[PDB]
>>> print(open('query.cif').read())   # mmCIF, C-alpha atoms and all ligand atoms
data_model
#
loop_
_atom_site.label_atom_id
_atom_site.label_comp_id
_atom_site.auth_asym_id
_atom_site.auth_seq_id
_atom_site.Cartn_x
_atom_site.Cartn_y
_atom_site.Cartn_z
CA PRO V 1 -31.02 -172.40 -41.13
CA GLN V 2 -27.49 -172.88 -42.36
CA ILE V 3 -26.68 -171.13 -45.59
CA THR V 4 -23.67 -172.08 -47.68
CA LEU V 5 -21.93 -169.67 -50.02
CA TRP V 6 -21.68 -171.56 -53.30
CA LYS V 7 -24.11 -168.95 -54.62
CA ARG V 8 -25.25 -165.54 -53.39
CA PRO V 9 -27.11 -165.82 -50.07
CA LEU V 10 -30.40 -164.33 -51.27
CA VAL V 11 -33.51 -164.39 -49.06
CA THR V 12 -37.01 -162.92 -49.29
CA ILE V 13 -37.70 -159.98 -47.01
CA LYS V 14 -40.79 -157.96 -46.22
CA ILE V 15 -40.34 -154.20 -45.93
CA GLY V 16 -42.84 -151.36 -46.19
CA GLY V 17 -45.48 -153.92 -47.10
CA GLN V 18 -43.50 -155.13 -50.12
CA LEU V 19 -41.77 -158.45 -50.77
CA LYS V 20 -38.21 -158.15 -52.05
CA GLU V 21 -35.19 -160.38 -52.62
CA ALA V 22 -32.11 -159.32 -50.63
CA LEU V 23 -28.51 -160.46 -50.06
CA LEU V 24 -27.26 -161.40 -46.57
CA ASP V 25 -24.13 -159.27 -46.63
CA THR V 26 -21.63 -159.40 -43.76
CA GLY V 27 -19.49 -156.81 -45.56
CA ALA V 28 -22.24 -154.18 -45.37
CA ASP V 29 -22.32 -152.03 -42.24
CA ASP V 30 -25.92 -151.05 -43.01
CA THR V 31 -28.86 -152.33 -44.98
CA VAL V 32 -29.35 -150.80 -48.43
CA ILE V 33 -32.57 -151.17 -50.42
CA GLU V 34 -33.50 -150.10 -53.97
CA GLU V 35 -35.80 -147.08 -54.36
CA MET V 36 -39.07 -147.39 -52.44
CA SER V 37 -41.28 -145.37 -50.15
CA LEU V 38 -40.65 -145.54 -46.45
CA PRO V 39 -42.51 -143.58 -43.79
CA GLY V 40 -40.86 -141.13 -41.40
CA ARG V 41 -38.04 -138.61 -41.61
CA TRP V 42 -34.73 -139.25 -43.40
CA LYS V 43 -31.31 -137.71 -43.81
CA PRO V 44 -29.02 -137.97 -46.80
CA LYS V 45 -25.84 -140.06 -46.67
CA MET V 46 -23.10 -141.32 -49.00
CA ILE V 47 -21.95 -144.95 -49.05
CA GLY V 48 -19.39 -146.56 -51.31
CA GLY V 49 -16.82 -149.19 -52.13
CA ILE V 50 -15.54 -150.62 -55.39
CA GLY V 51 -16.82 -148.45 -58.23
CA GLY V 52 -17.24 -145.40 -56.04
CA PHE V 53 -20.08 -143.91 -54.03
CA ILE V 54 -23.84 -143.51 -54.18
CA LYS V 55 -26.22 -141.16 -52.40
CA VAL V 56 -28.89 -142.77 -50.22
CA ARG V 57 -31.64 -141.65 -47.88
CA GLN V 58 -31.22 -142.88 -44.32
CA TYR V 59 -34.44 -143.95 -42.59
CA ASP V 60 -34.30 -145.03 -38.97
CA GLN V 61 -36.46 -147.42 -36.95
CA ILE V 62 -37.75 -149.44 -39.91
CA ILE V 63 -39.17 -152.92 -39.41
CA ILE V 64 -38.11 -155.68 -41.80
CA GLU V 65 -39.07 -159.32 -41.71
CA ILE V 66 -36.22 -161.60 -42.71
CA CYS V 67 -36.91 -165.32 -43.06
CA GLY V 68 -39.66 -165.04 -40.44
CA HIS V 69 -37.51 -162.96 -38.10
CA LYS V 70 -38.68 -159.42 -37.37
CA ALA V 71 -35.92 -156.87 -36.89
CA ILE V 72 -35.96 -153.11 -36.57
CA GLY V 73 -33.21 -150.75 -37.65
CA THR V 74 -31.79 -148.25 -40.11
CA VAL V 75 -32.50 -148.75 -43.82
CA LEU V 76 -30.63 -146.86 -46.54
CA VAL V 77 -32.64 -146.35 -49.73
CA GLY V 78 -30.97 -145.56 -53.02
CA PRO V 79 -29.63 -146.81 -56.36
CA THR V 80 -28.01 -150.04 -55.15
CA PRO V 81 -27.48 -152.70 -57.83
CA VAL V 82 -28.80 -155.32 -55.38
CA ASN V 83 -30.88 -155.18 -52.17
CA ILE V 84 -28.58 -155.68 -49.21
CA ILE V 85 -29.22 -156.77 -45.62
CA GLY V 86 -26.30 -155.36 -43.66
CA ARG V 87 -24.85 -156.10 -40.25
CA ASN V 88 -27.15 -153.62 -38.51
CA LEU V 89 -30.06 -156.01 -39.13
CA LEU V 90 -28.19 -159.32 -39.39
CA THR V 91 -27.28 -159.04 -35.70
CA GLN V 92 -30.95 -158.72 -34.75
CA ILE V 93 -31.87 -162.07 -36.28
CA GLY V 94 -28.90 -163.73 -34.61
CA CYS V 95 -26.90 -164.25 -37.80
CA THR V 96 -23.31 -165.47 -37.41
CA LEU V 97 -20.46 -166.65 -39.64
CA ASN V 98 -19.23 -170.16 -38.77
CA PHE V 99 -16.25 -172.26 -39.83
CA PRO J 1 -14.98 -170.10 -34.90
CA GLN J 2 -18.37 -168.43 -34.62
CA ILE J 3 -18.21 -164.77 -35.54
CA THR J 4 -20.96 -162.34 -34.58
CA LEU J 5 -21.65 -159.21 -36.57
CA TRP J 6 -21.91 -156.41 -34.02
CA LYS J 7 -18.59 -155.22 -35.40
CA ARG J 8 -16.99 -155.73 -38.82
CA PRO J 9 -15.88 -159.35 -39.22
CA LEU J 10 -12.22 -158.45 -39.69
CA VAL J 11 -9.67 -161.23 -39.50
CA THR J 12 -5.95 -161.70 -40.12
CA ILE J 13 -4.96 -163.29 -43.41
CA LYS J 14 -1.54 -164.38 -44.61
CA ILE J 15 -0.65 -163.90 -48.27
CA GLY J 16 2.77 -163.58 -49.89
CA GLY J 17 4.26 -164.37 -46.49
CA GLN J 18 2.78 -161.27 -44.91
CA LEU J 19 -0.04 -160.74 -42.44
CA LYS J 20 -2.84 -158.39 -43.47
CA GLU J 21 -6.30 -157.46 -42.19
CA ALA J 22 -9.27 -158.58 -44.28
CA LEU J 23 -13.04 -158.49 -44.09
CA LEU J 24 -15.20 -161.60 -44.31
CA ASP J 25 -17.69 -160.41 -46.89
CA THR J 26 -20.57 -162.71 -47.88
CA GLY J 27 -21.86 -159.99 -50.21
CA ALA J 28 -18.70 -160.18 -52.33
CA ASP J 29 -18.55 -162.93 -54.98
CA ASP J 30 -14.80 -162.74 -55.14
CA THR J 31 -11.76 -162.10 -52.98
CA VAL J 32 -10.15 -158.72 -53.61
CA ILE J 33 -6.83 -157.65 -52.09
CA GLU J 34 -5.13 -154.27 -52.19
CA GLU J 35 -2.19 -153.70 -54.53
CA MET J 36 0.64 -156.18 -53.86
CA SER J 37 2.95 -158.54 -55.74
CA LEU J 38 1.59 -161.99 -56.61
CA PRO J 39 3.23 -164.67 -58.76
CA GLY J 40 2.24 -165.84 -62.20
CA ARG J 41 0.22 -164.49 -65.07
CA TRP J 42 -2.95 -162.53 -64.52
CA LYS J 43 -6.16 -162.20 -66.52
CA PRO J 44 -8.62 -159.30 -66.79
CA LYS J 45 -11.72 -159.33 -64.58
CA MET J 46 -14.65 -156.92 -64.33
CA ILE J 47 -16.39 -156.78 -60.97
CA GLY J 48 -19.54 -154.91 -60.01
CA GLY J 49 -19.39 -152.94 -56.79
CA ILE J 50 -21.89 -150.70 -55.04
CA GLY J 51 -20.76 -147.68 -57.06
CA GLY J 52 -20.18 -149.21 -60.48
CA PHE J 53 -17.99 -151.71 -62.33
CA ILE J 54 -14.19 -151.66 -62.44
CA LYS J 55 -11.34 -153.71 -63.89
CA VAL J 56 -9.03 -155.67 -61.60
CA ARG J 57 -6.28 -158.28 -62.03
CA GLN J 58 -7.11 -161.96 -61.52
CA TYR J 59 -4.49 -164.37 -60.18
CA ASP J 60 -5.40 -168.06 -59.89
CA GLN J 61 -4.31 -170.78 -57.45
CA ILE J 62 -2.81 -168.37 -54.94
CA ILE J 63 -1.82 -169.61 -51.50
CA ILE J 64 -3.66 -167.78 -48.73
CA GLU J 65 -4.44 -168.32 -45.05
CA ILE J 66 -7.66 -166.97 -43.55
CA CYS J 67 -7.97 -166.92 -39.75
CA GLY J 68 -5.37 -169.67 -39.75
CA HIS J 69 -7.26 -171.81 -42.27
CA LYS J 70 -5.15 -172.66 -45.28
CA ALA J 71 -6.70 -172.09 -48.72
CA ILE J 72 -5.63 -171.94 -52.36
CA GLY J 73 -7.62 -170.10 -54.98
CA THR J 74 -8.45 -167.04 -57.02
CA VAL J 75 -7.39 -163.65 -55.72
CA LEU J 76 -8.18 -160.36 -57.44
CA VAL J 77 -5.97 -157.30 -57.00
CA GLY J 78 -7.37 -153.76 -57.22
CA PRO J 79 -8.40 -150.52 -55.41
CA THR J 80 -10.59 -151.99 -52.73
CA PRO J 81 -11.76 -150.07 -49.62
CA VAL J 82 -10.49 -152.92 -47.45
CA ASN J 83 -9.09 -156.39 -48.17
CA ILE J 84 -12.07 -158.62 -48.89
CA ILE J 85 -12.45 -162.37 -48.44
CA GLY J 86 -15.43 -163.23 -50.64
CA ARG J 87 -17.64 -166.20 -51.30
CA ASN J 88 -15.09 -168.14 -53.37
CA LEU J 89 -12.73 -168.56 -50.42
CA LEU J 90 -15.38 -168.45 -47.67
CA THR J 91 -16.89 -171.53 -49.33
CA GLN J 92 -13.51 -173.24 -49.51
CA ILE J 93 -12.78 -172.86 -45.79
CA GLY J 94 -16.26 -174.11 -44.88
CA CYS J 95 -17.83 -170.80 -43.85
CA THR J 96 -21.61 -170.66 -43.53
CA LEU J 97 -24.16 -168.11 -42.40
CA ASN J 98 -26.27 -169.36 -39.51
CA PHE J 99 -29.38 -168.16 -37.68
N1 LIG E 1 -21.22 -148.12 -45.72
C1 LIG E 1 -22.12 -149.10 -45.83
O1 LIG E 1 -22.91 -149.35 -44.93
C2 LIG E 1 -22.15 -149.96 -47.05
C3 LIG E 1 -21.12 -149.90 -47.98
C4 LIG E 1 -21.16 -150.73 -49.09
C5 LIG E 1 -22.23 -151.61 -49.27
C6 LIG E 1 -22.27 -152.55 -50.46
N2 LIG E 1 -21.86 -153.88 -49.96
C7 LIG E 1 -20.44 -154.15 -49.77
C8 LIG E 1 -20.32 -155.31 -48.80
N3 LIG E 1 -20.32 -156.45 -49.69
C9 LIG E 1 -19.72 -156.14 -50.98
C10 LIG E 1 -19.80 -154.61 -51.09
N4 LIG E 1 -18.43 -154.11 -51.28
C11 LIG E 1 -17.51 -154.32 -50.16
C12 LIG E 1 -17.22 -153.20 -49.17
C13 LIG E 1 -16.64 -153.52 -47.94
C14 LIG E 1 -16.35 -152.55 -46.99
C15 LIG E 1 -16.66 -151.22 -47.26
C16 LIG E 1 -16.35 -150.14 -46.26
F1 LIG E 1 -15.50 -150.58 -45.37
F2 LIG E 1 -15.80 -149.12 -46.88
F3 LIG E 1 -17.45 -149.72 -45.68
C17 LIG E 1 -17.25 -150.89 -48.48
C18 LIG E 1 -17.53 -151.87 -49.42
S1 LIG E 1 -17.96 -153.62 -52.67
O2 LIG E 1 -19.02 -152.94 -53.35
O3 LIG E 1 -16.77 -152.84 -52.51
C19 LIG E 1 -17.62 -154.99 -53.46
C20 LIG E 1 -18.53 -155.54 -54.36
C21 LIG E 1 -18.23 -156.74 -55.01
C22 LIG E 1 -17.03 -157.39 -54.77
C23 LIG E 1 -16.68 -158.69 -55.46
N5 LIG E 1 -17.31 -159.05 -56.58
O4 LIG E 1 -15.81 -159.38 -54.96
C24 LIG E 1 -16.12 -156.85 -53.87
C25 LIG E 1 -16.43 -155.66 -53.22
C26 LIG E 1 -23.25 -151.68 -48.33
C27 LIG E 1 -23.21 -150.84 -47.22
CL CL E 2 -29.64 -149.74 -37.05
CL CL E 3 -25.24 -162.17 -30.22
CL CL E 4 -11.30 -169.95 -55.93
#
>>> encode(input="query.cif", output="structure tokens")
Amino acid sequence: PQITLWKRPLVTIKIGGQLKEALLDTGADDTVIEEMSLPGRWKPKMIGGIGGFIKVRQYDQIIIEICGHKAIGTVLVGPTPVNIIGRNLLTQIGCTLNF
Amino acid sequence: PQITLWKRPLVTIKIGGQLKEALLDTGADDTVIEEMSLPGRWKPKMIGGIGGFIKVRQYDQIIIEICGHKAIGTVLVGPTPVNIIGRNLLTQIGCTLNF
């Protein structure tokens, strides 16, 4: 589809068997999801921006379904104010910016 | 143009007569530029980032070029990790997400 930016570009995603609302975020290098269980090993990481930094757990090789498009990649889990789909997964579904 | 997301969508902007690098950030509601001199009065604005909320300065009706596309609108000034072109101006220049 084509998504305009009058409002936040929120979509429904499926991750770890849960449905969640997430923001298509071209400014995010990686995907960041609110606290949840994910299977596998993880390593701690810090990410930040305006307001400072948060600590997240980095899980690799996680499958997420985004608007019917399956993509696999790294997911950071931690206290993000909003669920974020970052570039690492946006590329996999063929998402571009156009103007 | 059509911009893919394998790398950060960094573009050249022109503001206050000077060229700067900025990030096309669909996850940002607003446009936030690093400390510089802008004309006119400013108003207070609280924005929520990944790490918390902070106060920045809001200037309205500011002339700005983004990837050569002329725009006029609201620009916030504050301690941002990189210059950010957010949804307010992305919308104005006709930028959509597509997949
Ligand atoms: N390192 C990572 O992978 C990472 C880092 C941060 C995030 C959170 N998402 C980013 C992108 N959109 C806004 C958000 N932020 C932009 C941003 C942009 C770039 C970077 C950096 F280059 F450092 F990696 C960090 C943060 S933000 O928090 O500074 C922000 C929030 C709101 C607004 C606004 N209202 O205009 C402006 C800026 C997600 C992932
Ligand atoms: Cl990845
Ligand atoms: Cl591609
Ligand atoms: Cl505006």
>>> interface_residues(input="query.cif", of="chain J", to="chain V", cutoff="9 Å", atoms="all atoms listed in the file", output="ChimeraX atom specification")
/J:1-9,23-29,47-54,78-82,84,87-88,90-91,93-99
>>> atom_distance(input="query.cif", atom1="CA of residue 46 in chain J", atom2="atom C12 of ligand LIG 1 (chain E)")
15.8 Å
>>> residues_near_point(input="query.cif", point="(-42.0, -154.3, -50.6)", cutoff="12 Å", atoms="all atoms listed in the file", output="PyMOL selection string")
chain V and resi 12-22+33-38+63-65+83
>>> closest_residue(input="query.cif", among="J:39, J:31, J:11, J:56", to="ligand LIG 1 (chain E)", atoms="all atoms listed in the file")
J:31
>>> atom_distance(input="query.cif", atom1="CA of residue 74 in chain V", atom2="atom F2 of ligand LIG 1 (chain E)")
17.4 Å
>>> atom_distance(input="query.cif", atom1="atom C1 of ligand LIG 1 (chain E)", atom2="CA of residue 59 in chain J")
27.4 Å
>>> residues_near_point(input="query.cif", point="(-7.2, -158.9, -67.9)", cutoff="8 Å", atoms="all atoms listed in the file", output="CSV table (one decimal) with C-alpha atoms, in the frame of the given file")
chain,number,residue,atom,x,y,z
J,42,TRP,CA,-3.0,-162.5,-64.5
J,43,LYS,CA,-6.2,-162.2,-66.5
J,44,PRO,CA,-8.6,-159.3,-66.8
J,45,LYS,CA,-11.7,-159.3,-64.6
J,55,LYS,CA,-11.3,-153.7,-63.9
J,56,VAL,CA,-9.0,-155.7,-61.6
J,57,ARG,CA,-6.3,-158.3,-62.0
J,58,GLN,CA,-7.1,-162.0,-61.5
